Each structure stands twice: as structure tokens, then as C-alpha cells.
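Engineer: So I pulled this structure from the PDB, and the sequence comes with it:
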Protein chains: 2
Amino acid sequence: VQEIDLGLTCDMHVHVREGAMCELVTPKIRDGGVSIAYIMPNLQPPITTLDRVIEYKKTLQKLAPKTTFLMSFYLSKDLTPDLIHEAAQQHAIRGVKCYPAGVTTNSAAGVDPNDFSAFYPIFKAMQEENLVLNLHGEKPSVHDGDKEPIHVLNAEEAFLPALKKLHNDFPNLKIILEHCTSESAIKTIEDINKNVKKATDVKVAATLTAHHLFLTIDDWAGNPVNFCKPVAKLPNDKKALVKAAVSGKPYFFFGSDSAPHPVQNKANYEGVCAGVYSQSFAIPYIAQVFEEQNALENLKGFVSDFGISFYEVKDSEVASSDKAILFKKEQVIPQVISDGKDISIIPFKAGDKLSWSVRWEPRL
Amino acid sequence: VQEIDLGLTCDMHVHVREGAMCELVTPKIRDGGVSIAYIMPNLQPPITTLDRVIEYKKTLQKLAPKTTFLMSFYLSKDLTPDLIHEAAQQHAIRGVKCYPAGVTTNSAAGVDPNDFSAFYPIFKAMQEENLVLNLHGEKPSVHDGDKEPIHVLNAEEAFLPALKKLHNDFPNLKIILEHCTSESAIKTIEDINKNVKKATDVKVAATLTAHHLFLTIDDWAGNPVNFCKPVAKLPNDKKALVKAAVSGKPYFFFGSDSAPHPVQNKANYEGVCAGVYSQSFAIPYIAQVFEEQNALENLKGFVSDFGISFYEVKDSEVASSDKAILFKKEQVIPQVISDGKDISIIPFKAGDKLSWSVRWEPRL
Ligand SMILES: [Zn+2]
Ligand SMILES: [Zn+2]
Ligand SMILES: [Zn+2]
Ligand SMILES: [Zn+2]
């Protein structure tokens, strides 16, 4: 069609930073077609305390009163089981996000995924509170010269056993392999979900971004704006990801990993910041894929039903009941997204035109 | 300190550009320890005419009177067998370089390597004139069907059947697979040379760069300064390249593919120029590798003997008979190479220490 009622859309992987960047980006969650956002915690310093996560949400709600914000802790050395219980009962967090140390933006305070044991008391506490464990599933790189090298291309596959071990050791814990990028990872998620049918059985899920449904290594090799973690991989991988996205299966749903960086932090000869900014046109990006796959009927599941179901989002939490209406009027993605002061963002697929727009409708 | 007499060193794959950039880099051939340079032709517009290649070489000779320059044409529809014969008879070129269109800097308007048939009159003339056919051996990327998709990691392997067919159809043509980056290509080169005894029988050879002896995908994921074509690939590829370089086989020799770009052309958020600048310390970079492999006794063959033998460089051509002497004095690579005007280049391994330096000694 033209005009599709997507209802209460979900983006379960959002970065909105702080300060002026946050003031620019947080209103764009709504503008991009997203009602519900799961907010990642890799701030400087990481979000590891109750007061910080409460005030952060306050800041976000003031900037965007109609957006529903689900918050998270950064899996940290500082964290204790005791704070996990406290934060959960105050409904101050919906999950804890794990960054392996050094693999991505603001991950230097993260963990070694070879030895998760020191966080098992944290994971047991999360398991009891029905909290979500989000994993940036990549092992840190190892060249070494004795055991198998780990690099940006196999670091996701090399993480898959750690995922299984965590799932085995905490079988009631809801776990997400965030932003999956490889056929290997799809197969592992498919397998873990062998005989779960109809949604409520899913304990381990994976989010898929907009940009990994378009990008391959060829697109970021010479183009830092398309460089993100985990890196876009081979055509065979993008094929597995697109097939999963339009599949209608409840263990794949949308998480943009929209990651804003000022343009000066992309135009570096070294230390290019990882991340693709997709917030401003999130749902229109995804619609393009589903149109091309002749599967617009599975769109509402991928960007709404499955994320709501897995995170158990209740209508009583929702900051606005407005529905996201996808309507097929052309727009051109600007070359830059700016606050008119010092922040310029290069948006994903800058300069390209999209077939779809999104507007907001009240429920009556 | 310890000293190694390398004789008349050869760098059979050099980019020196034009204008002020050329004035900066051309004297660095000498400074990096290289006596003989094979000059690539991908200028804007490419070198496809006799008068242009005559003038260019004179310009280089003016900038560096002690450096021996071997020149090339860019493989183009513009070329004719009559121009090949004329250019060779005037000793104006030693070879012709083929760029597949779109695969690297100033490579479109290059050729299609699902073809090469349209250039067979050129290859016949080259074969008759004892000219070398240099190949940037990567197939242009293809993601859509039918065929197995082509991307930056398999594009070299995907080129190897074009190499075999050319060698089959022109068994007396000297062909070089420039800057090999994959284990597959190394093996293909060895297999092609299965029945070769004595260096002079080699018809198909490969050059190896300095930087592909150090780099893997992780070194350029996020660091445009290490981004070049063909892209540095996996640890297994790096190991195979290092083994070939120290192998003592006459069909592998040094070609830096030193590719200078002003730093602002590397610090781009899109369209990063491909290329690593190694001219300023060319031979010391290689020495570091040969030392680490305990193969210094093979250094001279790789950077001198085998290139001279393959290109048949005669003492009567050599612009200076000074010998390159390696001496084991430690040095630090500067942060930038600059002309003190408008050009700064970030050199390969900027800031690192090298065990060896280079000096020049007169013969007799
Ligand atoms: Zn991540
Ligand atoms: Zn993220
Ligand atoms: Zn090349
Ligand atoms: Zn080159």
C-alpha cells in the first residue's frame, strides 16, 4: 500500500548522548517514526548509578514528552547486585547493556568477555528482576601469534559461544544479541529458538539495524560515515540479515543503533568514531527494505509487535498513544543534520531520497 | 653498528604524482634507500601519450638526478600497437599498467577485467617489444546476481582467472600481479612458476608492498591512513605474504605502492583516498620485516636482485652507481612528511621506531 498503520513503533537500541547533541537528537526519535526507545548507557562516565539514570530520563522526557523511554545500566565494575534490585523495583531501568572493553564508542570501562564470571552475581540479580541483558556481542581483537586471531570480521562469530554459555547458565534471563551482522549469528539465534513458536517463549533475541540491511564492507572501506561496530560484513551476511528482518519471526526486531557523532569526529585520518546516525529517518529506512523484499505486511511485526512483546511493554508505560502512520510521500535526506550552533551530523544515506514519510495519529 | 650492502635497490611500484607533491616525494626515493623506481601512470589524465611520458620522466630526473626511472603507460583504449612500438623503440617506457575501472585512485577510466580481449593488439605489441604488463589485479565489485558477489576482500582472488588466461594467451609476455595481498594469489603465483629454475625463466611475478607485510583489516578499520587498495586482509593472508617476501623465490620482489595523498585527502568522512605513503623509509620498513623473520640474508634478493633480473635493468641505464647500505642505527618515523608549504603527508607507521637506517656508498 500507501499508508500503513504501524501503531506504537519500537526502536530497541538508541544513542542520544548528552548536552547539545542530546537536545538535537532526542526529538528526532519521534520525527523518525519511533514511539518507544531503549536508551543505551555508554555516556562519559557510563550510567552506573540510580540517580544518574533517573535524572537522564528526566532530561529526555523534557526534551521529548511524547516519547516512551526505557533505560539501562552500563555493565560495570562499579555495579553491585544490590543496586540491580533497587533500580528494578523503582522501575528506573529495563536492562543492563554489556560492552566488551575497547570494541566500540565509550567501551573503555567495559568487560572482558572471556571471563564473565565476576558478573554472575549481577546476572543472577538481573534474572530475578526480569531485566534484559543486552550484549554488544564482539570479542576484543587478538593478533598474538599462538591462538586464533580475532579481528573486526570474525569478532562477532567468536562471541557466539559466550552468548550460548550465558544463555545456558541463566535460562530464564531475557538476553539480546544487539545489532547482529553475520550469517553465523543469525544461525545461532535461529537455533536457540528451535522450538519456540509464537513470541512469548523467546528468551534470546537479536536486534537488527537499518544500516546493516543496506551496507557491506565495500560501503565503509573508504567511507567513514558508514563505519560502525560491528562492521558491515559480506554480501552473504547482509543477505542473511535482510532475510531475517522480513522473516516475520518473533526473535528478530528493530534496534537502530543510531549513534550520533559530530562530523569532525568522522573526518579523521585515524581513530574515526564508530557509528551510523539513523534516528531522523529510522522507520522510512526500514520501510524501503520491506518494500524491496515484497514484505510490507511483516513491517509492523518487525518495528512494533516483537519489540513490545519481548520487552513486555504495557500500555500503562507509554508516554503517548499516538500511532505511527507510514505514508508514501517522497523526501530527500539532507546532507547534514544541524542544531545551527556547533553540531553537524551526516545522516545515514545522506542525500538519498526515500519513498516513505511518517506522521503521527492519535488513537480515538 | 652492523651494515648490509644492498647494492642497487629497486622499488618496482612507485607513485610520485605531479606538481608540488611530486617535488616533495621524488627525492624521497633516494632517501628511503631506493636506487631504481618503476613509475606508475595513473595521473589525472593518465599517461597515454609519448610526449607526456617523455616530459614526466625528465621532470623526475630533474628532481632526483641520482635515481633511475623506469616509466609506464596507463592501459587505455587510446593506446595503439603503433604507439607501443614507437614508445618502446625510443626507450620511453618499460611497461604498461592495467587498472580495472573504479577499483582505486584514478582507475576509471580504466578497463573491464571481464574482457581484456579488446587490448590484445596492445599486448601483442608489448610482447614483441619486451614490455612488462603490470596488473592491479582486482575484479570490480559486484553484489547482485547471478554470480558469486565480488567485494574488497575477495576481489583479488576473483581476478586470478583473468591472470591465468592472460598468461595462457601470451606465454612470452612478462606479467606482474602488483601488490599481492592474499594467500590465494601467492599460491597462484608459485603454481604458475612451478617449473622455473633460474631467475631468468620467470615470466609472471608479483610485487609485495611494505605495508601489506605489517597490516591486517584491523589496522585500517577506523584508520583511513592505513586504507589502501587492494585492502589489507586477514592474518592468514599477512602470514603468507611475509613468507613469500622472505622466500628467496625470484618471482616475488619489492614494490612499495607508496601512494602519497595530502592529509586532508585522508581525513574525509566520505571518499577517503586509498593509499599508504612509504617512500621516505621504504627499505628500512622491509628490513624490519626481514629481521623479525630472521631472514636478512634474503633481503638483497627481494629489494634488489630479483627486480633487476625481471625488468632486465642494465648498468648502462643506471643513473647512479651508489650502493644502498643498511646500518643498524635506530630511528623514529616522524609524525608528518611536509614540504613546509601546503602539503603534509602522514607516513606509514608514523611515530614508530625502526631498527635500520640507510646510507649511500660509492662503488669500487
Ligand atoms: Zn554496540
Ligand atoms: Zn549501540
Ligand atoms: Zn594498485
Ligand atoms: Zn599503485
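Structural biologist: Yes, it's here. Numbers count the residues shown, from 1 in each chain, chains lettered A, B, ... in the order given. Ligands and ions are numbered 1, 2, ... in the order given.

Engineer: so where do the helices sit in chain A?
Structural biologist: A:19-31, A:50-63, A:81-89, A:120-129, A:160-169, A:183-192, A:217-220, A:235-245, A:282-292, A:299-300, A:306-311 (DSSP state H).

Engineer: Which among the ones you listed is found nearest to chain B?
Structural biologist: Taking C-beta to the nearest C-beta, helix A:235-245 is the member of those nearest to chain B, at 3.8 Å. The way it works is simple: take the backbone N, C-alpha and C, and place the C-beta from them, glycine included.

Engineer: The closest one near chain B anywhere?
Structural biologist: Yes. Against chain B, helix A:235-245 shows contacts by C-beta under 8 Å from any C-beta of the partner chain at A:235, A:236.

Engineer: got the angle for that helix vs helix A:183-192?
Structural biologist: Computed by axes from the mean of the first three to the mean of the last three C-alpha atoms, to 10 degrees, the angle separating helix A:235-245 from helix A:183-192 equals 30 degrees.

Engineer: Helix A:235-245 vs helix A:282-292, what angle?
Structural biologist: Calculated by the same axes, to 10 degrees, helix A:235-245 forms an angle of 100 degrees with helix A:282-292.

Engineer: elements contacting helix A:235-245?
Structural biologist: If you count contacts as 3 or more C-beta pairs under 8 Å, 6 or more residues apart in numbering or on different chains; DSSP states H and E, helix A:235-245 packs onto helix A:183-192, strand A:204-208, helix A:282-292.

Engineer: rewinding a little: reformat the helices of chain A as a markdown table; add distance to residue A:326.
Structural biologist: What follows is these, written out as a markdown table (distance: least, C-beta to C-beta, whole Å):
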| stretch | distance to residue A:326 |
| --- | --- |
| helix A:19-31 | 14 |
| helix A:50-63 | 24 |
| helix A:81-89 | 35 |
| helix A:120-129 | 35 |
| helix A:160-169 | 33 |
| helix A:183-192 | 26 |
| helix A:217-220 | 25 |
| helix A:235-245 | 16 |
| helix A:282-292 | 6 |
| helix A:299-300 | 8 |
| helix A:306-311 | 16 |
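
Engineer: can you redo the helices and strands packed on helix A:235-245 as TSV with distance to residue B:184 and mean neighbour count?
Structural biologist: Listed next are the helices and strands packed on helix A:235-245 as TSV, based on distance: least, C-beta to C-beta, whole Å; neighbours: other C-beta atoms under 10 Å in any protein chain shown:
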stretch	distance to residue B:184	mean neighbour count
helix A:183-192	21	19
strand A:204-208	32	26
helix A:282-292	33	22
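
Engineer: For the ones you listed, please prepare TSV with the additional fields distance to residue B:168.
Structural biologist: Shown next, in TSV, are the helices and strands packed on helix A:235-245 (distance: least, C-beta to C-beta, whole Å):
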stretch	distance to residue B:168
helix A:183-192	36
strand A:204-208	46
helix A:282-292	42
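
Engineer: and residue A:73, which of the ones you listed is closest to it?
Structural biologist: Ranking the helices and strands packed on helix A:235-245 by proximity to residue A:73 (C-beta to C-beta) places strand A:204-208 first, at 17.9 Å.

Engineer: Dump the closest one to CSV, restricted to CA.
Structural biologist: In CSV, the C-alpha atoms belonging to strand A:204-208 read as follows (Å, rounded to 0.1, in the frame of the first residue of the first chain):
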residue,chain,number,x,y,z
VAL,A,204,17.2,-14.8,23.4
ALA,A,205,16.6,-12.3,20.6
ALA,A,206,18.6,-10.2,18.3
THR,A,207,18.1,-6.7,17.1
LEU,A,208,18.8,-5.6,13.5
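
Engineer: Which residues does it contact?
Structural biologist: Contacts to strand A:204-208, defined as C-beta atoms under 8 Å, 6 or more residues apart in numbering or on different chains, come from residues A:12-13, A:163, A:167, A:174-180, A:185-186, A:189, A:192-193, A:241, A:244-245, A:250-255, A:257, A:306, A:310.

Engineer: Note down every partner strand of that strand and its orientation.
Structural biologist: strand A:174-177 (parallel), strand A:252-254 (parallel) (DSSP bridges).

Engineer: And the shortest one, how far out from the chain middle?
Structural biologist: Read it as strand A:252-254. Remark: strand A:252-254 is offset 9 Å from the chain centroid, using C-alpha atoms, centre = their mean, to the nearest Å.

Engineer: Which strand residues bridge the residue nearest to residue A:245 when sequence neighbours are not counted?
Structural biologist: Of all residues not flanking residue A:245 in the chain, residue A:208 sits nearest, at 5.1 Å (C-beta to C-beta, 6 or more residues apart in numbering or on different chains). Residue A:208 has these beta-bridge partners by DSSP bridges: residue A:254.

Engineer: Check the gap between residue A:208 and chain B for me.
Structural biologist: Applying C-beta to the nearest C-beta, to the nearest Å, the value for residue A:208 to chain B is 19 Å.

Engineer: for the nearest residue to residue A:258 once chain neighbours are set aside, what are its contacts?
Structural biologist: The shortest distance from residue A:258 to any non-neighbouring residue, by C-beta to C-beta, 6+ apart, is to residue A:279 (4.0 Å). Counting by C-beta under 8 Å, 6+ apart, residue A:279 touches A:11, A:14, A:16, A:25, A:28, A:29, A:32, A:34, A:256, A:258, A:260.

Engineer: now for the residues you listed, which pair is the farthest apart?
Structural biologist: Put simply, by C-beta to C-beta the two of those set farthest apart are A:34 and A:260, 14.5 Å from each other.
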